[PDB]
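*Asks:* need a 3D model of the following:
(chains A, B, C and D)
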Amino acid sequence: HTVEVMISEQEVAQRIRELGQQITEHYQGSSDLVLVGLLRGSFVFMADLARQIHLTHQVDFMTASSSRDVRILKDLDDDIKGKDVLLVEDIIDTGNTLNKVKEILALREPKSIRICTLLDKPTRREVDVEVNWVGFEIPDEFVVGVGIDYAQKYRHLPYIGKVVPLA
Amino acid sequence: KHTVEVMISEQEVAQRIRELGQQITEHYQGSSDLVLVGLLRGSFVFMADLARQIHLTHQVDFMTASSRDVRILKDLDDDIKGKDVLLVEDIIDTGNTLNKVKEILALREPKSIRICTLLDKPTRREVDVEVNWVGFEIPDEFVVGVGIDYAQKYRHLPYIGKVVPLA
Amino acid sequence: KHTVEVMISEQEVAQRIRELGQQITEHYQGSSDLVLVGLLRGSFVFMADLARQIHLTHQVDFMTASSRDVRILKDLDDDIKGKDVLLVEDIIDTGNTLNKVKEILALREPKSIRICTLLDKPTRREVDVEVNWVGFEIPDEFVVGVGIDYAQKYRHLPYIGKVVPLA
Amino acid sequence: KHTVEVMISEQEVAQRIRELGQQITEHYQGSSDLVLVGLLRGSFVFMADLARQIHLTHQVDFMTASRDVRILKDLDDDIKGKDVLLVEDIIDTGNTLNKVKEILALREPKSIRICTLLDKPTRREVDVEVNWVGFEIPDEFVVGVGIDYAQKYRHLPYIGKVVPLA
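*Replies:* Residues are numbered from 1 along each chain as shown, chains lettered A, B, ... in the order given. See the structure here:
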């Protein structure tokens, strides 16, 4: 198999700059912003987005699992009561896991909860969940890069790639 | 300079847990999917004794909740979707943690959630949680034993004790 | 499908646990800091009964080790540096998991580490782990009860049972 | 009452990380079992930039470590027989990193090495071997590129110095 570039590193960077500007604008005057990354896949997008948000904010992470139940493998280290929470995803597809994570965090009485994802595969949606900011809407391909793995590989590519069969 | 007095004897505790087990057995008669979930660390002794008085095939699991936000330090190992869940507590006082744990688990769509505690301190409640089975209602004293610690000591006492000043 | 036969009766188990607790009490006499550490979920019932037969003030804590690498899904809540640590197991068969848990804990520089188990299957051993206190040494049978499950069932049986396939 | 001063610019950080990724790429050449392991939360930004400058196929994982050094979140995947690179935002006393290394050594990786974006050598309390270092600094009050003050400023793109104004 091989990887072709689907979304270039610079196209990704420009889109994250735009998301950063929109998010900065939306939260202007808030000192309670916290970005929460869903591990492992969101960490690259999160790193780049945080650096494009010109507001003082905090960072946290959750690891949610998958058989049926959405379980918390690692919860947040910090409180979110009365805070503005931004969930940060690498890719939203079925929306299952994200939906339960949002509901679990809603119980803690944050000031607000929103969601931003680098990629959205809306044709995979099985439970709808409100996504405030989306980097790129894509079809249901095997994508990798910018934090996203194929068999644990390729998270470290600076571009969004597509895994394709060779010769 | 402090000591432990017996408040509820080893045998009084055992008789009560025998009675709870009988009522719980009757209650879930014909459920194919009973699961007891303890809250660690305090629940484990009461859980062990109670599970042995329940004359139904059932599963056991544990959560560790945190102690401002209620966070999940260690989640269930198994699924509870469509199951009858019995939350098992050593003591309910403010009700804050238990309430949030119930709300977290309710998101998983168990068939039912009910709650059983060995000790209840009703005068300490800060939030409404409905508890179907209560071993003993007690005044707000420093109690220890049957899983309950004081500064981590005395969980291993077979009786419910009360910590008292000496001299 | 199957039935369960009594292999070691409730009373036999209670008597042996009392013997072990007595020996453990003698062994750590004069120790200021005993901590019993159970591996979840299997060890919780044995732990509850055993701690109640140990007549020294002590602490209780728990770990959850993964089911190749032995990973820590839930670590101890409390420190063990300088303490006498007693690892508590429902059953020891291959010894692989328990060996790693011991090495992991030794890095924290406890004063000592010893191991107790309710059941021991010495024929299944794959690594050398020395076990000072053994409730019952048994053949490689499918056992359940007193914390031990089969397909998550039967942890709540008050005896050690043998699972027996039928027709 | 404070501000933050730029101590090491975004561009200096970027160039140094590229140099580190190059050295790392060269060192691990021919190995197909590279895994970078960051310690949360501080390492995630340096990790993200470093991984993208490493031109070898590799895996990425995370641990979060807590007197006793405890494991609050372990790795998700096996490291037996692998080349492990622990990735750190800053190394000061070394105490946590030393124990994490010891813990992972029990799993029999083929090798374990350590990289840090910042190193404070005069702060060292335990000896631990640090293989790659982005910037060796004095004991300044630092933030940015993953590093916080009171949970704030991990999002700054440069290494900043917190300068009390109070």
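*Asks:* for residue A:11, phi and psi?
*Replies:* Main-chain dihedrals, residue A:11, degrees, to the nearest 10: phi -70, psi -40.
*Asks:* before we move on, what about residue A:50?
*Replies:* phi -50, psi -40.
*Asks:* and the helices in chain A?
*Replies:* Per DSSP state H, chain A carries helices over the ranges A:9-26, A:43-50, A:96-106.
*Asks:* of all these, which one is nearest chain C?
*Replies:* The closest of those to chain C is helix A:96-106. By C-beta to the nearest C-beta, the value is 18.6 Å. All C-beta atoms are positioned from the backbone trio N, CA, C, and that covers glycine.
*Asks:* ok, the closest one near chain D or not?
*Replies:* No: Helix A:96-106 stays clear of chain D (C-beta under 8 Å from any C-beta of the partner chain), getting no nearer than 15.1 Å.
*Asks:* so which bits of that helix are buried?
*Replies:* Neighbour-count burial for helix A:96-106 flags A:96-105 (criterion: 16 or more other C-beta atoms under 10 Å in any protein chain shown).
*Asks:* quick check: angle from that helix to helix B:96-106?
*Replies:* Angle, helix A:96-106 to helix B:96-106, by axes from the mean of the first three to the mean of the last three C-alpha atoms, to 10 degrees: 160 degrees.
*Asks:* hey, where'd the strands end up in chain A?
*Replies:* Taking DSSP state E as the test, the strands found in chain A are A:2-7, A:33-38, A:58-65, A:71-74, A:84-92, A:112-120, A:133-137, A:143-144, A:160-164.
*Asks:* in CSV, list those strands along with distance to residue C:27 and mean neighbour count.
*Replies:* Shown next, in CSV, are these (distance: least, C-beta to C-beta, whole Å; neighbours: other C-beta atoms under 10 Å in any protein chain shown):
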stretch, distance to residue C:27, mean neighbour count
strand A:2-7, 60, 16
strand A:33-38, 48, 24
strand A:58-65, 41, 21
strand A:71-74, 37, 20
strand A:84-92, 51, 24
strand A:112-120, 53, 22
strand A:133-137, 62, 18
strand A:143-144, 56, 24
strand A:160-164, 59, 20
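*Asks:* do you know which of the ones you listed lies nearest chain C?
*Replies:* When those are compared (using C-beta to the nearest C-beta), the closest one is strand A:71-74, at 8.1 Å.
*Asks:* got the contact list for the residue nearest the centre of chain A?
*Replies:* The structure's chain A has its C-alpha centroid closest to residue A:89; by C-alpha atoms, centre = their mean the separation is 1.3 Å. Residues near residue A:89 by C-beta atoms under 8 Å, 6 or more residues apart in numbering or on different chains: A:38, A:41-42, A:45, A:98, A:115-118.
*Asks:* out of the residues you listed, the closest to residue B:27 would be?
*Replies:* Nearest to residue B:27, judged by C-beta to C-beta, of the contacts of residue A:89 is residue A:98 at 36.3 Å.
*Asks:* and the gap between the closest one and residue A:131?
*Replies:* 8 Å (C-beta to C-beta, to the nearest Å).
*Asks:* what's the answer for residue A:52, then?
*Replies:* In terms of C-beta to C-beta, residue A:52 sits 18 Å off from residue A:131.
*Asks:* same thing with residue A:69?
*Replies:* From residue A:69 to residue A:131 the distance is 23 Å (C-beta to C-beta).
*Asks:* and what of residue A:40?
*Replies:* If you go by C-beta to C-beta, the gap between residue A:40 and residue A:131 works out to 20 Å.
*Asks:* settle it for me: which of those two has more neighbours?
*Replies:* residue A:40 (22 against 19; other C-beta atoms under 10 Å in any protein chain shown).
*Asks:* now do the shared contacts for residue A:98 and residue A:131.
*Replies:* Common neighbours of residue A:98 and residue A:131, using C-beta under 8 Å, 6+ apart, are A:92, A:115.
*Asks:* just to revisit the earlier point, for residue B:152, which of the strands of chain A is the nearest?
*Replies:* Between these, strand A:71-74 lies closest to residue B:152; by C-beta to C-beta that is 24.6 Å.
*Asks:* can you pull the residues of chain A lying near chain D?
*Replies:* A:35, A:37, A:39-40, A:43-44, A:46-48, A:50-51, A:53, A:56-61, A:63, A:73-74, A:77-78, A:147, A:149, A:152-158.
*Asks:* let's go with 7 Å and repeat that
*Replies:* Proximity of chain A to chain D (C-beta under 7 Å from any C-beta of the partner chain) is limited to residues A:39-40, A:43-44, A:46-47, A:50-51, A:53, A:56-59, A:61, A:63, A:74, A:77-78, A:152-153, A:155-156, A:158.
*Asks:* give me the buried subset of the residues you listed.
*Replies:* When the residues of chain A next to chain D are checked against 16+ other C-beta under 10 Å, the ones flagged as buried are A:39-40, A:43-44, A:46-47, A:50-51, A:53, A:57-59, A:61, A:63, A:74, A:77-78, A:153, A:155-156, A:158.
*Asks:* so residue A:8 sits against residue A:159, correct?
*Replies:* Yes: look at residue A:8 against residue A:159 with C-beta atoms under 7 Å: they come within range, at 5.5 Å.
*Asks:* the two: which is more packed in?
*Replies:* residue A:159 (19 against 12).
*Asks:* next, the more buried one: phi, psi?
*Replies:* Dihedral angles (degrees, to the nearest 10) for residue A:159: phi -120, psi 160.
*Asks:* how near is it to chain B?
*Replies:* Residue A:159 sits 35 Å away from chain B, taking C-beta to the nearest C-beta, to the nearest Å as the criterion.
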